[PDB]
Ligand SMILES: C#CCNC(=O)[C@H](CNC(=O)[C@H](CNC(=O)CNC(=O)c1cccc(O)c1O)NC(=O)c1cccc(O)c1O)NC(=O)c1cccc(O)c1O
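Below you'll find only one chain, the form deposited without the ligand, shown as C-alpha cells.
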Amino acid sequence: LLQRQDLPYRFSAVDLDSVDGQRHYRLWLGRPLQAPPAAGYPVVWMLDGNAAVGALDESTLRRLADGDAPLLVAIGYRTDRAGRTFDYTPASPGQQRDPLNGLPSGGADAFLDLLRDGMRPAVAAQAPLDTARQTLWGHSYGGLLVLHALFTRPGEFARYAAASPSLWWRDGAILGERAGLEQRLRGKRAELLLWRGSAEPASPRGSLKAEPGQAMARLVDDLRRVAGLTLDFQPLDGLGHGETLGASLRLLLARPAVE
C-alpha cells in the first residue's frame, strides 16, 4: 500500500530520533491528492505506526478522499516492544520499570514533547496541518498514552481515540491522572472515543481484581458527565484484544471529520 501510486493518497516517510538517541522513529505520511484547505489538512496521528499502516485498507482510503480528507501520520519505529513500552507509559512520582515485562517505562511525557516539538515540525515541512483539527489514536499501551494526553493536556488534540486502553496498567495508575480534568479542560472542547472487544480479558493477568468490562464501564460512566468532553464508547461484540486495533482504526476513519 505504501508503494502504491494509484490511490487518492500518496505515502512518504520521514525519520526522527528520540532526544536521548535511543529510539528511532519513522513517520509514514499519507497525504490526499486533494489540495489542502486554507487552514491546512486535518491530521490523524496514529501510534503503533507500523501496525497502523497494516490496517489501512483501500476502501477506507478512497472514502476518506471526500473533499475534506485528513493527513494520516503513522508514528512507527525503525527496528518494537522496548520503544513502545517506554514511550507510551506514564511516569510514576519520585525516583521506572514496566510491571509485566520489566522494560524501562515512564517515557510518555518525553514522547508527547517529541510529538509536539519534533514530529509536528517534521510533518509540517511536508504538508500544511490544521492544528485545531487533530486526532490522536492508539491501541493498548497506545490507548494508555492517548488517555494520558487527554488527562494532562486536554484540547491539544480535538479528538482522542483510545482502543482497548490498558486501564489495568500499574494498578489502574491512569485513573489517578483523571483527577482535575474538568479544571484543565475549562474553556476547551474535546472528544474521546473508546473501544473494547467483549472477548477481551480484564488484563493480561486475566481477571483478578475486576470483571472484564468493569474498569471501562466505570471510566465511561465517570467521563460521560464531563462538561466540554464528548464521550463515545463503542463496544466491539466478540472481538478480542488484537482485533480491536484494526477495527477501531477503520471505524475512527469512517467517523465524520473533526470540526
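Residue positions are given as counts along the sequence shown, with the first one as 1.
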Report, from the record, the number of residues in the deposited sequence between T131 and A132 that have no coordinates, as none, 1 to 3, 4 to 9, or 10 or more. none
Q96 preceded by how many uncoordinated deposited residues after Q95: 1 to 3
Read off the CA B-factors in the entry, average them over 22-30 and over 205-213, and name the higher stretch. 205-213
Mean Cα B-factor comparison, 60-68 or 230-238, giving the higher one as deposited: 60-68
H139, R116, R159, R153, ranked by C-alpha B-factor: the highest one: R153
Top residue by Cα temperature factor, when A74, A91, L181, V123 are compared in the entry: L181
Ranked by Cα temperature factor within the chain, is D221 in the lowest third, the middle third or the highest third? highest
For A254, return the chain-relative third of its C-alpha B-factor as stated in the PDB record: lowest, middle or highest. middle
Relative to the other modelled residues of the same chain, rank the CA B-factor of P37 and answer lowest, middle or highest third. highest
Where does the C-alpha B-factor of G176 rank in its chain, lowest, middle or highest third? highest
Please place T135 in the lowest, middle or highest third of its chain by C-alpha B factor as given in the entry. lowest
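The same protein also has a form deposited with the ligand bound, omitted here; what follows describes it.
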Ligand-site call, the ligand overlaid in the entry with it bound, backbone or C-beta contacts under 2.4 Å, 3+ atoms: open
Which residue, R184, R189, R97, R81, has a heavy atom that falls within 4.5 Å of the ligand in the entry with it bound? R81
Considering non-hydrogen atoms and a 4.5 Å limit, which listed residue (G228, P37, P204, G54) is close to the ligand in the entry with it bound? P204
Flag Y141 as yes or no: does it have a non-hydrogen atom within 4.5 angstroms of any non-hydrogen atom of the ligand in the entry with it bound? yes
Since only the chain is shown here, I'm wondering whether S166 would be in contact with the ligand in the entry with it bound (any heavy atom pair within 4.5 Å). yes
Is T131 part of the interface with the ligand in the entry with it bound - any heavy atom within 4.5 Å? no
Contact of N101 with the ligand in the entry with it bound (heavy atom, 4.5 Å): yes
Can you say which of 133-141, 150-158, 105-113, 173-181 gets within 4.5 Å of the ligand in the entry with it bound, counting heavy atoms only? 133-141
